[PDB]
Amino acid sequence: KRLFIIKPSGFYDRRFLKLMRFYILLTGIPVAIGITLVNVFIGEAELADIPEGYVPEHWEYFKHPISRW
Amino acid sequence: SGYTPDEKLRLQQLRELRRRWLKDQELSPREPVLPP
Ligand SMILES: CCCCCCCCCCCCCCCCCC(=O)OC[C@H](COP(=O)([O-])OCC(O)COP(=O)([O-])OC[C@@H](COC(=O)CCCCCCCCCCCCCCCCC)OC(=O)CCCCCCCCCCCCCCCCC)OC(=O)CCCCCCCCCCCCCCCCC
């Protein structure tokens with residue numbers, strides 16, 4: 001025979017976990033896609049000597065595109 | 001020695017009620033009605 005199993009209400013914990021996952025992913029999947037696309041199609045800067053008479057901008061002293069931005 | 005008639009009678013009544021309660025815990029053939 002199959003008997004009823006008495007448990008506490010699991011509806012609310014499951015709902016909270018689903019909501020948290022949804023919102024975290026909703027903002028974090030576009031961020032991951034953007035990071036991957038930037039890395040693939042806009043790589044990191046290459047270290048080079050300062051040409052004579054040139055005064056670089058401050059953001060030009062960093063190599064990652066997101067850090068530079 | 002043994003149960004007094006009051007104790008025996010209370011035991012029979014509680015046993016009947018408990019057996020009914022345990023029988024009621026059984027699942028009918030459709031109890032897990034899964035939604036789509
Ligand atoms: C689930 C939710 C529930 C709740 C949980 C709580 C969640 C809380 C979250 C809170 C928010 C957190 C946000 C934090 C922000 C941090 C982001 C960051 O800084 O990224 C860092 C880092 C990126 O660093 P970077 O500075 O941007 O890169 C610098 C370079 O310019 C880049 O180098 P590149 O030029 O080579 O380009 C690489 C490029 C491209 O690389 C490649 O394509 C190559 C890969 C290999 C492929 C080669 C073979 C495969 C293909 C072959 C077949 C096809 C070809 C041939 C075709 C025919 C087929 C035969 O890929 C990338 O760009 C990196 C991936 C981007 C990931 C960014 C992460 C953002 C997450 C933010 C959202 C947070 C929520 C999570 C949701 C996210 C979605 C799930 O991202 C990583 O995590 C990398 C980790 C992977 C490395 C390998 C792992 C090594 C393991 C060693 C340890 C071993 C011990 C065992 C443990 C292992 C377990 C892992």
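As deposited, the entry is annotated with cryo-EM as its determination method and 2.5 Å as its resolution.

Colleague: Is there a simple way to explain the overall build of chain B in this structure?
Modeller: A tally of helices and strands in chain B yields one helix and zero strands. Each principal axis of the C-alpha distribution contributes one length, and for chain B these read about 60 × 10 × 10 Å. Classification of the 36 residues of chain B by burial places 3% in the buried group. Looking at chain B as shown, the accessible area adds up to about 3,900 Å², and 54% of this sits on carbon and sulfur atoms.

Colleague: When you look at a nonpolar patch on the surface in this model, what are you seeing that I'm missing?
Modeller: A surface patch of nonpolar side chains, about 1,100 Å² in accessible area, is lined by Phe16(A), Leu17(A), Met20(A), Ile24(A), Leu25(A), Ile29(A), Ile33(A), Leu37(A), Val40(A), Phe41(A) and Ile42(A). Relative to the helices and strands, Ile42(A) is located in the loop between helix 1 (11–41) and helix 2 (65–68).

Colleague: Can you walk me through the interface of chain A and chain B in this structure?
Modeller: Size of an interface: often given as the accessible area lost when the parts come together. Contacts between the two partners involve four residues from chain A, matched on the other side by six residues from chain B. Summing the contributions of chain A and of chain B, the shared interface buries around 500 Å²; its carbon and sulfur component is 56%. For chain A, the biggest contributors to the area lost against chain B are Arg2(A), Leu3(A) and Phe4(A); these three give 82% of the whole. For the interface between chain A and chain B, the tally reads three residue pairs in polar contact.

Colleague: Sorry, what's going on with the UniProt feature "transmembrane region" (unreviewed entry) in chain A here?
Modeller: If you check UniProt for "transmembrane region" (unreviewed entry), the listed places come out as residues 22–42 of chain A in our numbering. As annotated, residues 22–42 of chain A comprises 95% helix and 0% strand, and the C-alpha atoms at either end are separated by 29 Å.

Calculation notes
Residues numbered from 1 in each chain as written, not as in the entry; some residues may be left out. Chains lettered and ligands numbered in written order. Part of a larger assembly, values for the part shown. Heavy atoms only, no water. Helix = DSSP H or I, 4+ residues; strand = E, 2+ residues; numbered from the N terminus. Buried < 20%, exposed > 50% of the residue type's maximum accessible area, 1.4 Å probe, protein only. Areas by Shrake-Rupley, 256 points an atom, 1.4 Å probe, with all protein chains shown as cover. Patch = residues over 30% accessible without salt bridge, like charges linked within 9 Å, V, L, I, M, F, W, Y side chains within 5 Å. Salt bridge = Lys/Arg side-chain N within 4 Å of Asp/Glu carboxyl O. Contact = heavy atoms within 4.5 Å. Buried area = accessible area lost by both parts, 1.4 Å probe. Polar contact = N/O pair within 3.5 Å; in protein donor to acceptor, adjacent residues only side chain to side chain. UniProt positions renumbered as here; feature names shortened; annotations may be inferred.

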